[PDB]
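The analysis underlying the following values was restricted to heavy atoms, covering all of them including side chains, and did not include hydrogens, waters or symmetry mates. Atoms within a ligand are numbered from 1 in the order they appear, just like the ligands themselves. Per chain, numbering begins at 1; letters A, B, ... match sequence-line order.
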Number of protein chains: 2
Amino acid sequence: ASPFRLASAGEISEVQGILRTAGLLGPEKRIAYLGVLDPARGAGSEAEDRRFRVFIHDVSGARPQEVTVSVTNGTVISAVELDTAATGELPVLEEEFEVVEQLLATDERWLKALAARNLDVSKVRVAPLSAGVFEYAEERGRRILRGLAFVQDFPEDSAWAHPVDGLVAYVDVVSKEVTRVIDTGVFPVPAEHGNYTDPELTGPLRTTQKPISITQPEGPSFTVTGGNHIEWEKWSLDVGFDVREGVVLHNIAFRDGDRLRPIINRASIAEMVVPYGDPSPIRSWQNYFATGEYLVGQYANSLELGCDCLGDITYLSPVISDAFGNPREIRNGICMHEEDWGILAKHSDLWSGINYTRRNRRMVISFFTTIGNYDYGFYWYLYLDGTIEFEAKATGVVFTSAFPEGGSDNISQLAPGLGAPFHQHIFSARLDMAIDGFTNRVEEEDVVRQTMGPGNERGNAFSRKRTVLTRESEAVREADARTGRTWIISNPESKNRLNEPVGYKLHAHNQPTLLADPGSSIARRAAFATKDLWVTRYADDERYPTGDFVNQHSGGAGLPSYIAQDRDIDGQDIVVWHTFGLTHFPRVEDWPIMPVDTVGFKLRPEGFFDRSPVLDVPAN
Amino acid sequence: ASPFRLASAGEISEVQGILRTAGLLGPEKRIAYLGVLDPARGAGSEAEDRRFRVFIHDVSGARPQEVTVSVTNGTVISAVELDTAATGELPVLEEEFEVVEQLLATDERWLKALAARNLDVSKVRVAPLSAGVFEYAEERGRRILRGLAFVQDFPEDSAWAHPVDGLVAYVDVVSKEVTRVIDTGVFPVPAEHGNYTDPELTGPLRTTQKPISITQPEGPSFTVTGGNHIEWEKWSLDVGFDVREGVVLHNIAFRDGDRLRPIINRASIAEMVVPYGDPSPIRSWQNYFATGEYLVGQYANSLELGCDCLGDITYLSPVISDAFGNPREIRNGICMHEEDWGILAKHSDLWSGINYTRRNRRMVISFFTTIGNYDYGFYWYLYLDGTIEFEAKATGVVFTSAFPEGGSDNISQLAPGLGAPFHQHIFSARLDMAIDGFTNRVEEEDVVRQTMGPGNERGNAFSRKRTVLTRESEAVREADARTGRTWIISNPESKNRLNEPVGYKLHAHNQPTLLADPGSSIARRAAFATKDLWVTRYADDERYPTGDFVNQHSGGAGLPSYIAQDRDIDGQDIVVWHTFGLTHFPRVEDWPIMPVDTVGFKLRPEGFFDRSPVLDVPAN
Ligand SMILES: [Cu+2]
Ligand SMILES: [Cu+2]
């Protein structure tokens with residue numbers, strides 16, 4: 001009966017029925033987004049009213065709508081007509097992926113471009129990329145997708161090995177017309193194939209790898225109740241799933257003695273964008289918001305035991321809605337398991353003669369998604385010592401282009417004539433904090449060097465300083481690796497036995513943030529990505545760092561708009577938004593399929609406990 | 001027959017015999033350091049001549065000597081008398097540890113200080129700390145150790161919980177004299193105990209942890225031949241061990257097709273220092289060079305199966321010399337095993353319909369050492385994809401002090417009246433490079449942001465630049481996380497199939513470097529720690545960033561002196577010295593025994609291979 005339970009297939013079908021009966025789901029309508037709404041602040045309202053938020057698209061051109069329904073009472077709470085030119089277009093539909101290639105296949109301009117390159121139209125795949133907002137005035141208010149071509153020689157061929165450069169087209173997916181076809185010139189289509197399962201490329205397979213058996217004879221140490229409530233080594237939380245954000249962690253708390261102490265109310269990857277840095281007009285508009293525009297959760301893969309998740313795994317199979325309101329299950333889309341994590345603590349004392357060693361462990365909650373050529377793994381880890389960590393694993397196939405004759409300062413060569421445009425993968429972790437409760441504050445902590453002189457005659461002293469962020473206008477911070485800058489979230493009203501406010505310290509990887517010029521469209525639409533850390537006052541409707549309707553929005557939505565309210569965040573219900581990402585200059589080693597690369601962050605207890613919380617761990 | 005084989009007990013006995021025969025090892029002599037010399041460059045000597053280098057201390061006060069012998073020819077190649085007042089004192093002997101407490105036990109000044117604090121001398125442990133170089137004129141030419149006191153209530157009591165602040169003494173361990181006893185005032189000695197094995201503090205042990213079974217039915221995938229030659233998943237290397245540096249990796253190479261391609265000739269942690277940032281006269285002189293002053297390899301722990309190393313482990317038991325030249329085996333001092341490392345590569349393609357997933361693995365080579373209150377784990381990892389990584393794990397018990405009533409800017413409070421002085425743990429990895437051979441060069445790579453305008457009208461472009469470090473004078477570099485700065489070691493004479501010099505990219509963690517004032521004694525003695533990366537031209541006698549003799553040695557040797565030669569490093573035999581470390585502001589969670597914290601670096605192939613090197617990994 002948990003208010004945080006995963007949505008059932010029945011609830012989805014109930015939303016469908018409510019919408020249809022209300023006359024909001026005609027033949028021309030499509031569900032572009034559907035998700036359950038979290039419980040509002042305050043549980044004083046016995047029996048939670050299960051509500052769902054829905055974005056309804058109209059393939060007829062009619063205005064779309066945002067609808068909220070109660071599956072509990074079978075009613076439509078609200079239905080608001082959207083003006084996309086003002087607030088943004090709805091997320092891209094999977095069924096729209098094919099329309100780009102299909103429409104172009106009958107366009108004379110496109111056909112002429114392909115004929116000139118001697119490419120059989122039946123073998124040309126077209127990637128349906130988001131449009132963004134640029135200098136095309138005729139696109140405002142229109143639902144546009146841009147297409148880039150790749151050649152697939154045969155059904156099982158990897159089209160990514162054969163990009164068709166110097167060509168790009170724009171299509172209005174609703175009116176079903178090709179608005180523009182740009183051909184800047186012919187570029188040879190890379191000839192080598194990139195079929196990583198082809199023996200001629202892989203060569204003889206290795207026979208040297210001996211098996212590694214990971215098992216748990218007595219089963220896992222964690223328990224799963226209510227379908228998604230996890231309890232493991234003092235940790236307690238609920239594993240939620242949203243079609244847009246993917247896996248979401250709720251009510252992260254730690255059992256310290258006789259009390260369950262909250263740490264984070266809600267943790268999620270609220271956005272992830274991949275901005276490309278190639279100035280060619282064929283790709284200079286390319287910026288794909290995996291989360292906001294495509295909805296990464298809907299493309300979650302079914303994870304195979306022994307391949308994707310090794311060991312004793314407990315799966316969760318979330319249900320989402322298809323474009324028509326029918327429930328669709330993502331079988332084994334979420335993996336949960338615990339794993340050994342080396343040494344936790346160790347000391348051999350010369351005076352006491354006592355030799356002490358203890359092992360560490362981590363609870364893993366993960367899912368893997370695929371968006372076109374990219375595949376991303378999202379991993380959340382809980383450690384015995386109280387540490388919380390997130391790790392993203394980027395793999396898949398690199399987005400390609402031709403490698404220019406004469407070289408390039410924005411593309412790397414991965415194969416003869418094959419290029420890989422420079423780009424970044426930037427994530428935004430939204431952490432609705434609740435350190436021992438909702439009354440929290442954030443302090444920026446910098447290392448402080450000291451000058452040799454009075455009080456520091458030997459010049460060995462060094463210190464640290466903490467600055468409380470009191471208002472949102474001063475809560476947009478940048479990293480500073482050189483001064484070991486971190487951010488501490490504490491509760492000024494809850495102190496440890498040393499009379500110090502309890503807290504948690506966020507450690508960032510300090511990777512570069514958005515590189516695009518400050519005046520670029522992407523810098524405006526993905527403003528969150530320009531700074532490492534933002535702190536806002538909690539608000540029900542402030543869900544994503546980029547706003548609710550990212551697709552084709554002019555910019556400034558999300559964080560920049562939230563921060564503009566300049567609200568008090570000193571000892572209040574606050575939310576931390578951490579930006580982190582990878583800057584990718586593709587290597588030859590990334591081709592034909594790339595080895596996983598990683599990025600993330602972690603939070604470690606900072607005077608949260610009265611002493612080490614792992615003194616009760618056995619020797620085993 | 002391998003000239004990279006581990007030293008044998010016989011070789012050590014042979015060195016002892018040769019030294020004795022030469023009249024260099026009488027009863028007053030002690031072996032402060034003994035290690036095998038790596039073979040010189042180029043296949044000079046027809047056969048391999050095994051040579052050892054030794055530092056001989058004299059307990060009577062006579063001048064020590066540095067000697068090199070050939071165990072093969074039974075001869076002394078060279079023996080030089082050392083002027084310690086100039087070139088530095090020899091490493092501290094384990095037998096000198098107890099000397100400090102013993103001498104102070106009968107000193108009236110020391111006894112009076114303890115009496116003033118109502119402390120029973122029989123229960124006062126004294127830590128033998130390195131002295132460094134400060135303003136004490138009498139210390140010139142004297143072998144000094146400074147002592148800090150801790151109370152041990154009973155045999156198995158953790159003395160670290162009871163520091164005796166406001167008191168420090170200096171001792172000449174050779175003349176057996178207490179040179180000075182400094183008492184700045186009586187501080188309350190913290191009363192709470194820190195016995196992490198006492199049920200009173202641990203409380204009832206958890207019974208919730210289920211077992212995790214990690215086994216290899218068919219044994220490990222790696223082979224060990226010639227005692228220390230490792231071959232695993234295309235990797236080839238020799239595992240060496242030196243009493244000073246600990247585990248050292250030799251001839252790291254990768255089998256690419258039909259050729260064994262070298263990558264790194266020698267990899268080691270050539271120094272590690274722990275500088276304290278408390279300006280109190282009681283500890284302002286404290287800087288412990290675990291590697292250079294104490295010799296970390298000497299204190300390597302015997303690792304227990306199931307506790308220290310889990311899974312199918314292959315052990316190495318290196319042999320070192322004791323203070324008299326007799327061989328001593330460190331049973332199971334080195335652990336070697338392979339472990340699963342999640343997903344290696346993955347892609348589910350929407351056009352080919354092919355779903356592909358491969359798992360990763362890494363070879364692990366490690367050891368764990370203990371120096372007083374600290375315990376450090378040194379880990380080297382080799383990945384299937386060609387990545388090489390080092391990870392240091394810091395744990396043990398924090399060095400304590402009293403926590404001043406009025407608070408402190410350089411000490412944190414761990415328990416009532418118990419303090420933990422701020423400090424850093426800084427390592428120096430010496431990487432004698434050999435990317436496809438010895439003709440190498442280093443380039444500093446920075447991300448390059450571009451301004452919106454002609455050629456970049458949309459302001460989305462971003463690039464990078466590489467700067468070749470041509471001479472040592474320009475090879476002292478700093479990190480720049482903001483611009484994603486990395487360093488690439490390449491071979492200008494060996495190109496991949498795309499006609500680009502093969503290379504490897506070093507990724508640093510970009511943690512703060514030495515914080516001490518540039519004019520401090522430690523900034524001079526640990527000069528290497530003030531910069532993130534140094535590149536030198538290979539030279540036989542340039543082994544450590546701090547020189548051969550660190551104990552009580554001023555600046556003047558090491559990296560700063562090496563770089564002064566301003567040698568050509570552009571396409572030459574070069575060595576990369578990377579500084580990396582942790583800045584520790586102790587938390588309550590670190591008491592009474594600290595959870596492991598980590599730091600390290602890694603190098604990934606950068607155009608070294610002609611495509612991904614793991615296409616031949618099987619699905620199962
Ligand atoms: Cu990428
Ligand atoms: Cu420390």
Note to self: Given the ring of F390(A), does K602(A) sit roughly above its face, with NZ or CZ under 6.0 Å from the centre of the six-membered ring and within 45° of the axis?
What the structure shows: no
Margin query: Going by ring pair (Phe, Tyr, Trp, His ring centres under 6.0 Å), name the residues that satisfy it together with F289(A), two or more places apart in sequence or in a different chain.
Written below: none
Next item on the list: Is it possible for you to check whether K346(A) lies under 6.0 Å from the centre of the six-membered ring of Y356(A), through NZ or CZ, and within 45° of that ring's axis?
Entry: no
Note to self: Using the side chain to side chain contact (heavy atoms under 4.5 Å, CB included) criterion, which residues pair with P605(B)? Sequence neighbours excluded.
What the structure shows: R587(A), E589(A), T387(B), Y504(B), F608(B), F609(B)
Under 3.5 Å donor-acceptor pairs involving side-chain atoms of residues 271-280 of chain A, not counting sequence neighbours:
unit_1: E271(A); atom_1: OE1; unit_2: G292(A); atom_2: N; d: 2.9
unit_1: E271(A); atom_1: OE2; unit_2: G292(A); atom_2: N; d: 3.4
unit_1: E271(A); atom_1: OE2; unit_2: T546(A); atom_2: OG1; d: 2.6
unit_1: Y276(A); atom_1: OH; unit_2: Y374(A); atom_2: OH; d: 2.3
unit_1: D278(A); atom_1: OD1; unit_2: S280(A); atom_2: N; d: 2.9
unit_1: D278(A); atom_1: OD2; unit_2: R283(A); atom_2: NE; d: 3.0
unit_1: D278(A); atom_1: OD2; unit_2: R283(A); atom_2: NH2; d: 2.8
unit_1: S280(A); atom_1: OG; unit_2: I282(A); atom_2: N; d: 3.1

Note to self: Using only atom types and a distance under 3.5 Å, with no angle test, would you say the side chain of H423(B) pairs donor to acceptor with the backbone of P421(B)?
What the structure shows: yes
Checklist line | Residue and atom names of protein N/O/S atoms that fall under 2.8 Å from the Cu ion (ligand 1) | finding: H423(A) NE2, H425(A) NE2, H584(A) ND1
